[PDB]
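Visitor: Sharing a structure with you now.
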Amino acid sequence: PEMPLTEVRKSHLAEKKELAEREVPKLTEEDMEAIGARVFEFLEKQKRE
Amino acid sequence: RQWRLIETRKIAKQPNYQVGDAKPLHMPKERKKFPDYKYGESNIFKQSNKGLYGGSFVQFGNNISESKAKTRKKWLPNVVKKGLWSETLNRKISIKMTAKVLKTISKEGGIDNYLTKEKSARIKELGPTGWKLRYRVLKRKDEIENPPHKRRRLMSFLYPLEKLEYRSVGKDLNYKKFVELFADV
Amino acid sequence: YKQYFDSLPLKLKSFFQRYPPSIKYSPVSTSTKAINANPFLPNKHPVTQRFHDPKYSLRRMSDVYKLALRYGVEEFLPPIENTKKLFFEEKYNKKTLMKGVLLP
RNA sequence: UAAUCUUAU
RNA sequence: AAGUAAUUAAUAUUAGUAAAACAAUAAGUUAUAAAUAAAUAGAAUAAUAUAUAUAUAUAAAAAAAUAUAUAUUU
RNA sequence: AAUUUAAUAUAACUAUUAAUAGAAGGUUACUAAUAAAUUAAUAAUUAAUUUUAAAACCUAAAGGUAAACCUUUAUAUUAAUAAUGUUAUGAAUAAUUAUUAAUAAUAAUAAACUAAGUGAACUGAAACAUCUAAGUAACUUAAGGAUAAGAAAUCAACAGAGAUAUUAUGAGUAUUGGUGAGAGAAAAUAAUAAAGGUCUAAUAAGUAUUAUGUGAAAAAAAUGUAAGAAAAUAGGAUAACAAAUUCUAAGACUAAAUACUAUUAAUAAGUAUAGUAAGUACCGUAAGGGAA
Ligand SMILES: [Mg+2]
Ligand SMILES: [Mg+2]
Ligand SMILES: [Mg+2]
Ligand SMILES: [Mg+2]
Ligand SMILES: [Mg+2]
Ligand SMILES: [Mg+2]
Ligand SMILES: [Mg+2]
Ligand SMILES: [Mg+2]
Ligand SMILES: [Mg+2]
Ligand SMILES: [Mg+2]
Ligand SMILES: [Mg+2]
Ligand SMILES: [Mg+2]
Ligand SMILES: [Mg+2]
Ligand SMILES: [Mg+2]
């Protein structure tokens, strides 16, 4: 038989559930494009110098 | 500190048994009462399986003289028999403890508290006995918190009728069997 | 641009995926529950009031920063001000010489 | 003497 | 039925390359400078030691020791 | 058409490399059998995949026992019916047979490799006592196909690196030793290697640290006894202190290169006394030894 969860463990679980419920940070296409453009600019600058 | 002599221990990984699968050759008679303790049961200082030793195993080392003539000695922990009060169980529980463990118990403010601390270190330095004690306490706490309603009679009412129905078809029916049938329902 | 982004080293890419640059993460230590909580800083958990260790441990953070420096993607990473680490030319310039060097 | 410990039922 | 093998070090002979060799991915080992416990020292100011370098000593020499120099570096 | 040479077998072991995978003995008998399907190929077929029958007794752990035997009673109850004969007053009480439903059972399981516990001595030091041999042999326990380790309270040195594992150089260098016998790193650079990072923790206290007793020949992290902190404004790291630097313990997961066994393939300046029998004959009360 599985051992029951103590109070602290339950509270931690609840916190984790709350965290999950919130909207997750996800890397957008736009952000990637912005990064990629900056990388390209950096490469161009390196080539120049 | 570390818990090397505890967390080194490995136990045979039991395969998860499906309801429709074939039996193992040796199935036990009486069922498992307690949960499985992650770190098994100590296979060295078996003295400590019976008590709350706080992960304090026997050392072996060297007696060394003025001549530096080395001779093997052992260093036992300061074990002590001690009947300490459980608030949850409403009884005092007598066990072997290290003096260190007794000190920790005193610091934490009770024996139940010591048992139920959620840290992994505590779990490691609970014994198998300590794990069983913890389970007993935790289960009791859960019961106190949450009584069943916050069904048996209905079952008792239906049982004789069910038996009669069975008899009318042709077969006899026992209680225990009835209980087994209508556990999940 | 997308292809260039993809061509970035693995660790850096992973970091960008799981802590993206749209969120302006805090310079200072914050609540662990916060959305803008910096993964490089030790954030305090609001209930227990204990400082959690940084989500990116210090070595990993340093590696990520070096990768960003290499590919010119520093400002998209969250700030490393209040983590005590400086890096390369900035470190060289900003540091005070040891008491032993200046005053033997 | 509800520190400890020994015995008997 | 009895001087064998492995990992190493020092000599010798030959063969390859040679002020370089082995290795070529870099790194390393040996050589290319002698000393000194060690240190920030190290080889003709106008030539053979009568000069120079180092260690002791010293203002700098001398003094003991070893090493370095007389078209081409060994 | 035959002969020869080289290679290949159900039919050798050994070493290496590569690839793949993690596996029944005995006893004597009322002898311990099998049946099928689908798909492909060439109705029968061979091959692949799947299903299915039987299978005694012994091999610690149903209960015994002097292994291959004995005793338990699943060709059992318990109940419900049906058929039969007897007892006492259509109904009742016991027995036998035949259906139906309900109730439990079968450890022969590797060895090597790994981790943990305990831990010698001969021996070396031309004696021997610290030291060595050596955390070796051994015994004991526990796990998995591998285990262990692993994403820095790590190294380094003001420049920097970025988990671990194995090997080469570093280097027999630093380091250490009755400064004897002898023991001996790390950084760094290369390979091998896999996608190698990633949260699962409400960020960790009788914990760090201290005293003391022990503790891998150098280099600690451990540990019995007892005192015992701090919040990132902090904490760990070096005799010590001041500066600086670096990392975040007391919560976790993890392929891969590796070890061992077996199989298959290939290569043998290997074996015919390292070439298949036999762990037999025989020796011993026994553990055990062991032929031709
Ligand atoms: Mg002088
Ligand atoms: Mg048996
Ligand atoms: Mg008898
Ligand atoms: Mg061992
Ligand atoms: Mg001797
Ligand atoms: Mg003698
Ligand atoms: Mg030793
Ligand atoms: Mg593992
Ligand atoms: Mg932590
Ligand atoms: Mg912490
Ligand atoms: Mg200590
Ligand atoms: Mg050794
Ligand atoms: Mg941590
Ligand atoms: Mg692990």
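Chains as they are written, first to last, in the entry's author numbering: chain Q, 249 to 297; chain S, 22 to 171, 203 to 237; chain b, 3 to 106. Just so you know, even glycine gets a beta-carbon here, dropped at the ideal spot from N, CA and C.
#1: Give a yes or no on whether 9 Å exceeds the smallest Cβ distance from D224 (chain S) to chain Q.
#2: Count Cβ pairs between the segment 62-79 of chain S and the segment 121-140 of chain S that sit closer than 8 Å; are there 3 or more?
#3: Enumerate, from N- to C-terminal direction, the unbroken beta strand (DSSP E) stretches of 3 or more residues contained entirely within the segment 44-108 of chain S.
#4: Determine the closest residue to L26 (chain S) out of S:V237, S:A142, S:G130, S:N99, with distance taken between C-alpha atoms.
#5: Which residue spans inside the segment 117-158 of chain S form an unbroken alpha helix (DSSP H) run of at least 4?
#6: Which two residues bound the contiguous alpha helix (DSSP H) that contains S9 (chain b)?
#7: I think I132 (chain S) touches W152 (chain S), with their Cβ atoms under 8 Å apart; what is that distance to the nearest whole Å?
#8: Can you list, in chain order, the residues of its chain whose CB lies under 6 Å from that of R30 (chain S), leaving out five sequence neighbours each side?
#9: From which residue to which residue does the alpha helix (DSSP H) around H170 (chain S) run?
#10: Would you report the Cα separation of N84 (chain b) and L104 (chain b), rounded to the nearest angstrom?
#11: Can you tell me the Cα-Cα spacing of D163 (chain S) and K57 (chain b), whole angstroms?
#12: Exposed or buried, what is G148 (chain S) when buried is set at 16 or more other beta-carbons lying within 10 Å of its beta-carbon?
#13: Measuring alpha carbon to alpha carbon, tell me which of b:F18, b:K26, b:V49 ends up nearest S33 (chain b).
#14: What are the start and end residues of the alpha helix (DSSP H) that includes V49 (chain b)?
#15: Could you list the residues in the segment 51-84 of chain b with a C-beta less than 7 Å from some C-beta on chain Q, going in chain order?
Guide: Taking the structure as given:
#1: no
#2: yes
#3: 80-84, 92-96, 100-107
#4: S:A142
#5: 120-129, 132-137, 141-146
#6: 4-9
#7: 14 Å between Cβ atoms; not a contact.
#8: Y60, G61
#9: Element bounds for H170 (chain S): n/a, residue is neither H nor E.
#10: 27 Å
#11: 34 Å
#12: buried
#13: b:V49
#14: Run containing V49 (chain b): none; DSSP gives neither H nor E here.
#15: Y73, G74, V75, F78
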